[PDB]
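# Fold and contact review
So you can see what is in the structure, the chains are spelled out below.
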Amino acid sequence: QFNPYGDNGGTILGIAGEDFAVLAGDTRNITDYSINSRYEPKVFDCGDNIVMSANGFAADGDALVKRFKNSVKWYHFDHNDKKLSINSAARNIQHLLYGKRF
Amino acid sequence: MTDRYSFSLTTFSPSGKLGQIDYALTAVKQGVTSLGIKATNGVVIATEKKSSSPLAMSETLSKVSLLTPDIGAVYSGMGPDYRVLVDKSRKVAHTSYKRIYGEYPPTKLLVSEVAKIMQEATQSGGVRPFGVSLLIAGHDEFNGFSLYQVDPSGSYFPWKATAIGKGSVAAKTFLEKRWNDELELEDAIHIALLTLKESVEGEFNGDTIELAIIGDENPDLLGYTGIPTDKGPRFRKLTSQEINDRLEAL
Amino acid sequence: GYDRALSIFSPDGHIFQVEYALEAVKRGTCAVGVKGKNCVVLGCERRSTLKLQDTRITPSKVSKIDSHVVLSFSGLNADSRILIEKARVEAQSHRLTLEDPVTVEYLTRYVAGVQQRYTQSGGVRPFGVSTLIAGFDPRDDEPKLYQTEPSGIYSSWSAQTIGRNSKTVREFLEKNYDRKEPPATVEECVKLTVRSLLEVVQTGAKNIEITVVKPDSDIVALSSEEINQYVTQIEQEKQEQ
Amino acid sequence: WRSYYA
Amino acid sequence: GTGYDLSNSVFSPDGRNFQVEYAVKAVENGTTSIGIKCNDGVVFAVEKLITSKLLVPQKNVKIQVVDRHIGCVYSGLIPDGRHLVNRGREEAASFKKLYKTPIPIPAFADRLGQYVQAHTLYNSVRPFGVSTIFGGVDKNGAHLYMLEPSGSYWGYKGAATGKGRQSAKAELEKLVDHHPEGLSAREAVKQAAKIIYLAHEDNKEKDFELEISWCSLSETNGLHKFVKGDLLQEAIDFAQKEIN
Amino acid sequence: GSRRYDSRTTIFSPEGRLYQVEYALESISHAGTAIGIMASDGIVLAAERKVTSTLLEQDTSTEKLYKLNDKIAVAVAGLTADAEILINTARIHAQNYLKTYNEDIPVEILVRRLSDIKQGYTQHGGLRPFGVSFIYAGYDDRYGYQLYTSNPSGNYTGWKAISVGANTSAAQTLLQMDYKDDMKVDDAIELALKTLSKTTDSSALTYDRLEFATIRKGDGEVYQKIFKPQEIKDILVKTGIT
Amino acid sequence: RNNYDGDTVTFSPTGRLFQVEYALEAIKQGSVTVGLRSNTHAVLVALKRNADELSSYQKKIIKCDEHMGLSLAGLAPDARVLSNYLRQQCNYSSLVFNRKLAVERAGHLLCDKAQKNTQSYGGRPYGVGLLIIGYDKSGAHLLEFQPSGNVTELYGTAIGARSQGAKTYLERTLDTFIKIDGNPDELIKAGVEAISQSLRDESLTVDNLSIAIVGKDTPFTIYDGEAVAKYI
Amino acid sequence: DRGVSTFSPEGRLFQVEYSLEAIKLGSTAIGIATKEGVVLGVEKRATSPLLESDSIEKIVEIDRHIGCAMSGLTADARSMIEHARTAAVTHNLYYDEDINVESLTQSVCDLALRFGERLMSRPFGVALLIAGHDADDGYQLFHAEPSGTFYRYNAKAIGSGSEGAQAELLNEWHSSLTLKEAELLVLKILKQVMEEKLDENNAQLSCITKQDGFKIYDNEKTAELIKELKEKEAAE
Amino acid sequence: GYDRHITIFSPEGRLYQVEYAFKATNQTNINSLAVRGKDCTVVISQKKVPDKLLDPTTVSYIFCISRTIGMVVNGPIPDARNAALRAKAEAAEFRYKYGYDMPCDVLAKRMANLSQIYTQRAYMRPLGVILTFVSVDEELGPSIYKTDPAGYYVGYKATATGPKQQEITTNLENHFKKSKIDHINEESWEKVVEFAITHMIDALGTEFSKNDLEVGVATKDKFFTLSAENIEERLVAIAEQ
Amino acid sequence: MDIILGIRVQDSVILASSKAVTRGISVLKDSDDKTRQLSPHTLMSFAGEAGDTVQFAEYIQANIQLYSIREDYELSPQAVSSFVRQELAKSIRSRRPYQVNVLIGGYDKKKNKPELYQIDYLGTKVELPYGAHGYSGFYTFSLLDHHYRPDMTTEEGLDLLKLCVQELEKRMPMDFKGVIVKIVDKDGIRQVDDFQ
Ligand SMILES: [Cl-]
Ligand SMILES: [Cl-]
Ligand SMILES: [Cl-]
Ligand SMILES: [Mg+2]
């Protein structure tokens, strides 16, 4: 049967300092027991000083990041180039995700 | 590019007249005379096939139309309207009756159905009424023979005899004279040809007259044998010859 | 889909179809409501040009919405049914989803919203109706009385009247209603109501109907005997020099 | 005059 | 009409549709544009009025392509022309998707026409404010066509429409005598420039910019191409010479 | 585009009246008179046919009195074909109500729904009103014998006796005089026949120009009778009009 | 005219569509705005209009992408609509094709969007004019949009009331400013002069002046208020 | 009877311009911006004395940081408010933050033009003063019309008195005004243009401040403010 | 009144828009006639190309509907091609749904029925065309059926359409009065084409060139149209008799 | 398997209904009133799938209440049980059918007769002197067949019911935390508050 999901591996890590934050991941992309790329970046700069990574099924991971980035672009268009607070982004991503709850 | 006429095109005037019905009736009045007569063992409907060119082949055009094997219709008014009404009527007789009860509808109910189709053209959005009156004649097992008139308004009425169209007021009086409740079918066929004779001024023969009857069942017109409870159709259009034969004996 | 705009603006800023709907109300029987200290009364007139009508079955002009709320109206009768139904349905929906009956204001705001919607939706004409909606909030003793009009506007009133000759009846009420001391008794609140209809009904007491709404879903309409009893005495205290 | 125009 | 010209699908008492005739006035008031059919292709040319020296030259293209083999040009309400061409582009893709072969020119002609005629059927739409000249090379020849707001269309040896239509038709009828055994793709380009220049003398008040395209089985391999660069100047020149 | 031809059928006059409803009522005023009178023990419906010819068949003709249900009937005044539309939906509604509750539909609920439908054609959709007015005669185990009328506006009201169609102001005045609350069925029958003969625009009142029906107590049930042509001629002699 | 201008689905006996023409009249009542471009940048200068001494000044310039924007003169609500549709197209092109929307194609898309509202019964034409600038793969660009549907590419222009002043000036100074390449501050000045030729009893201030610029290595950005002090 | 979306020969939409006339007949409303908050006031204008003037609601809350005052066909405003309140709550659900005052104004104006034959049949017959606070542009007052346009005003008056009352504000308003100064100034200008003697029953005050949000003043507070104003005047 | 503009009745009972549609059918000033052979059917029509710039081969009012049905249109080409496509469509669908070839008379009823509709629904105009359908039917033999904007249709021994309909009609009437049969008793279609071109000339009083005409033939097997050369051959023969 | 019992004695109808609400491993509540008052003289009890049960009941409630206000009249119990069966009979062929069973007990103020009606989630309806839903019938029907008399007093019925509840406490594996009992008679609906 057609299975719409896959697994491209990956591990990511994010740590919050006092005046800083880091978000890291390996740059290896896999399928089953094969290597797809030894450098396929998975941690992205989205503007307004937000970095994002959506690890797991990479097609879904990219789709989500693409869509969040668009959310930022339209936040500006719709609210006088206001910066997007990290906490506000977090709420918005909850909605991006729950939209596809099923 | 879509029907943006959602509103009624037939409305009450301040006098209470529904204009477009009134005008539709006028169009009926201009139409050729048609008539029907009910007898004790048959019904007859007749009209004039006034051709619109000697190059036209009159047989390719029927004003008298079989609705069910037991019901016939004739009209006066705008022919093309009658035509699409015969289609609608034949279909409704199936979809709303035969496919449900396994019988053809009885005369009143089919007439009732045609009425509803015309009534609706009097009220629905963006359409004119039909411009015809219909005479429907037929027979069912529990009501016997029957003759009905249906008007552009959707009204219908049952008749012993009547006429509609051009010389209708004249012919109505002629029929009131000659009609009793003891006529055999052959008697009424006679009266019909006579009543039609005044409303017709030119040639009057079996090629210019259309006439059909609801009478006995013609098992010879059935097409198949072996089902004894299928008796075959009571409607029958008379041939050109069958008309003349009675025209000499007039 | 017939959606033509029937309520539109004309050059002086009027919306004639709503204004003409108000004209429908003016032609309608008179309706009046009075607030007491512990009750509300609604009164209506019955057109006396029709002497042969069955009063058992002709629909009254005062309608229960829920068991604690009533609505009377002046205007086109048939239009009134649509408002009354919508309102009865909404009250039951409120009980379902909030586990609490509507406040008298809430039910009013709802009716008025419907009336307003019909003044800027394609394909529809405004309601030829104005309402008086009365009752007591659940578990509350303060009487409530509101009025709505075809435009969708609504407000609350110590006493109020609508329909034909309401100018007269309102004058009477404006010159007989002490806000500071409102009718202290049921019996005398119904008195003030009948009195104000008599400025404009005259005629008989079978051409008036009265309804008393009291707290905790206590709603009752009076009989001709009860109502005529107020017609007399009112007409007797009259004749008195 | 008219200030309904940008 | 005497009331008979306020809606679109309405017959006047002598059988006319004034609203279409009023659309034709919009076409007639348009810029001049032509098509010349040759022995193996078609040439299209159009007049670009330089309203103002502020218009960027070379840069307001007017001839539109459909698929790869069909060329279109129109006179009148430009946005109406773009609209029709878009419909044609849809119509050519639909036809190719199902039948595989790129749409034959007569088949394309009727796709447009049916659509334009469609816009004369109902009083909830107005006719197209454009006449359109189009054609191309298909499995059996070159074809030139012109299509009126009424939806009428026929195949032409050459065609013109717009303000300079009359000068143009006159010069095209001449073109069919001298060069009547046939007209070659390259000469048809030249003659095109001549006709646009001669036609420009109405509208002499303003300057104009010539624009030509062709579709020649031998010179473009059956594909629609814009005549630019040298071949264009050669035609601009041949026009200057032949007007004196 | 098409907005040019819309007769706006759902608008108010500057006086606050509904044009097409008023014009439709004007129409109804030219229709054969129909009467309903409620007795203590039955109801009487009598109406006059505007369609009359020697050759018209009257045994099988219906133009004014229609059975909605075994316990409700209508007398029609207006466009007889508009009536049939509304009638069949009503006949359904009664059957729908029976399916849902397994009780016959109370007379008023049926009258309300038929009138609500009319009211709709008055407020949205841009169609013309139904040119119809109804007198409803029914019995239910909650109000007993009931008599109602509805008209194009969608307004309905109940009556002790009432009339619709032509010459109603005349007929209503005759009914106001001679109606007494304690009347019996046969009294009511003759009051109705005598009201028609005084308002008919016709020469005389003959059986070939009437429909007639009575709802009366039957058995411990309620029988509904639509007189046949012969039964009408009889009642016309019995009360002395022939 | 009376008999031929109650909708956009009626031609005049002479070929006009009055509803479209009455639409253009709204543009003429709008406040003046100018566009002009070199080979490397494209500039918008706009005169913002206020209602009172107490009201703000109506914005006239709208970013559409990092490489495209417009100024508006006419019904501001309509410009919101059209600029929104333009942002959507820019965004679709970016998302589906990883390709910036060419300015020519924006014009074409705009024209077609508007043309729908001159053949549509029950609709109305757009009541606004648009000057569109951008930098794409074929360089700097300036477009003029009219509610008729006609989108035109120019070196410069101006629209709105008293627009003729700026227009004639740009036709005069043409050969000069096309050559203003690689000097944005000097191209803006050219635009600020052009719009100046269109004032009547009014002088440019920090509150009413508004300027936008884009070009090779300069994304579309908007200057208002103190930012525009430099240029007066 | 032409079509509701029709342009006039001078470039104006008929139904919108007729709509603006109805606004001119509406009870007066005034709003004033001050670095201490923003004040909204309205003429209640009860028709009869039996009308309980408390049920006259021409100032409503949109969110804790945004208030609204109306003038015109007020029944038309119910759904503009309902949409505005929904935009305020929805924006918070989606972004875990308060909506900006202008962004909510822009949202209200987007309804204004959604009519034709195009969900609503006609434009709104009511105008709005929208006053609020957000952390990007502080205190703000906006004027929204059924045309779909809107301006930010330091002070603005709409309705019957507007033409004159606005000329008053142009003279009396300055940037260093205080909340109490604008309170009285709103009472003053209202008292001049109303036809009845202004009292705490046919006029209503309310404001919006960052710390306390949007409150509608209770009769007591307004009355104690009317007196203070009668006195500052008699002190000539 | 507006009953001149859309397809509703006049107080006379008339549809002016249907009448004005008939008038447009003559707007081409082109005449046509059709006659029946022993086993073929011929339609002939004038061909007028006045513009030297036109490609004469693309100018026709004769359409091949199915393999067996030909249709000649009297009226403006845009409505004519609209009609032709719909018929081509109706005939392909009929074959698919029912398994035989749609008969000429049946296609006529179907198109006349569609025609009727535009006289009754207000949002559509009639077509300014008269459709002449011809075939050699597998049940009825050679057939001519014609439909007009009124929704009318019928079958003809022969028929003629256009501005000079009357001259042609009375010509053919005389011939059928003398011959006493319902067809041209000639067994070659080439002869029957000649008969047609002949009686066309004698009734219009004009000679024809090979480019003045347009000719269509229906045989059992198929319906085809003649070339300029197949015509010149016809014309030559007429001159030798 | 909740307990839905109903018995119709001569002057009234008695509904006894299990009080416990157990989700899986825990008993969440021991005071649950599995009843809705459909009108002053009609009481309906119900048992079945989780959310479906109350949703259906309160839906039926609101509908009968609306009918009451509109006609200022209280539908007979026969009429209510017909509307109720109709709803369920519609439900069963719907996408997600309501999985609810109900008893309907009412006093027909017009016949002056009590009436008890049993309807299962399929829309099966029967008029009975006594009824139960689910497994409850299996222990109690033999008791009721024996001691039931059509002329029993309300107090005799209660005694007979007490007997039925005691047998359920003996032989049924589930602790259903006792019953709430309600009586319906000419005077409306009262709850027997001290039942064993
Ligand atoms: Cl129809
Ligand atoms: Cl609605
Ligand atoms: Cl400001
Ligand atoms: Mg209906």
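Residues numbered from 1 in each chain as written, not as in the entry; some residues may be left out. Chains lettered and ligands numbered in written order. Part of a larger assembly, values for the part shown. Heavy atoms only, no water. Residues with missing side-chain atoms left out of burial classes, pairs and counts.

A count of helical and extended segments in chain I gives six helices and ten strands. Over its C-alpha atoms chain I spans a radius of gyration of 18 Å, differing by no more than 12% from the 18 Å that the globule rule assigns to 241 residues. Once the C-alpha set of chain I is aligned to its principal axes, its extents read approximately 60 × 45 × 45 Å. (Helix = DSSP H or I, 4+ residues; strand = E, 2+ residues; numbered from the N terminus. Rg over C-alpha atoms; globule rule 2.2 N^0.38 Å.)

With that settled, consider the nonpolar core. Residues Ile 30, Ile 32, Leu 104, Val 126, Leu 128, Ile 130 and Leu 169 of chain H are the most contacted members of the largest nonpolar core, which totals 91 residues. Ranked by residues supplied to this core, first place goes to helix α5 (residues 179-193) of chain H with eight residues. Setting aside anything within four residues of it in sequence, one finds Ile 130 of chain H in contact with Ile 66, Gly 67, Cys 68, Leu 104, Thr 105, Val 108, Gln 140, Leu 141, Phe 142 and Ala 144 of chain H. Residues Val 73 and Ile 196 of chain E together with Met 71 and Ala 112 of chain I belong to the second largest nonpolar core, which totals 87 residues. (Core = buried A, V, L, I, M, F, W, Y, C linked by side-chain atoms within 4.5 Å. Buried < 20%, exposed > 50% of the residue type's maximum accessible area, 1.4 Å probe, protein only. Contact = heavy atoms within 4.5 Å.)

Looking now at the interface of chain G and chain H. Many analyses report the size of an interface as the accessible area lost when the parts associate. Taken together, the contact between chain G and chain H spans 26 residues of the former and 29 residues of the latter. In this assembly, chain G and chain H are joined by three salt bridges. We note a salt bridge from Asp 110 of chain H to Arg 80 of chain G, for which the minimum N-O separation is 2.4 Å. Of all the secondary structure elements, the ones that give two or more residues to the side of chain G that touches chain H are α1 (18-29) and α2 (76-97) of chain G. (Salt bridge = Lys/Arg side-chain N within 4 Å of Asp/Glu carboxyl O.)

This next bit is on the packing of helix α2 (residues 80-101) of chain F against helix α2 (residues 77-92) of chain J. Between α2 of chain F and α2 of chain J, whose axes approach to 6 Å, the crossing angle comes to 95 degrees. Between α2 of chain F and α2 of chain J, the interaxial angle falls into the category roughly perpendicular. Here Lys 99, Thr 100 and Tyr 101 of chain F of α2 of chain F lie close against α2 of chain J, whose contacting residues are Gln 78, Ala 79, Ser 82, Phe 83 and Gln 86 of chain J. Its residues assigned to classes, the contact of α2 of chain F with α2 of chain J shows three nonpolar, four polar and one charged. (Axes fitted to C-alpha atoms, helices over the stretch in contact; angles between N-to-C directions. Parallel < 35°, antiparallel > 145°, perpendicular 65-115°, else oblique. Nonpolar A, V, L, I, M, F, W, Y, C, P; charged D, E, K, R; others polar.)

Our focus in this paragraph is the pairing of strand β1 (residues 32-36) of chain I. Residues and elements named next belong to chain I. Along β1, five of the five residues are buried, which leaves the element largely enclosed by surrounding structure. Of the strand pairs in this sheet, β1 and strand β2 (residues 40-46) are connected by five bridges, and their pairing is antiparallel. Considered in β2, the bridge of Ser 32 is made with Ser 45. Strand direction decides the pairing type here: β1 and strand β8 (residues 158-161), joined by four bridges, are antiparallel. Counted as the bridge partner of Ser 32 is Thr 161 from β8. (Pairing = 2+ DSSP bridges.)

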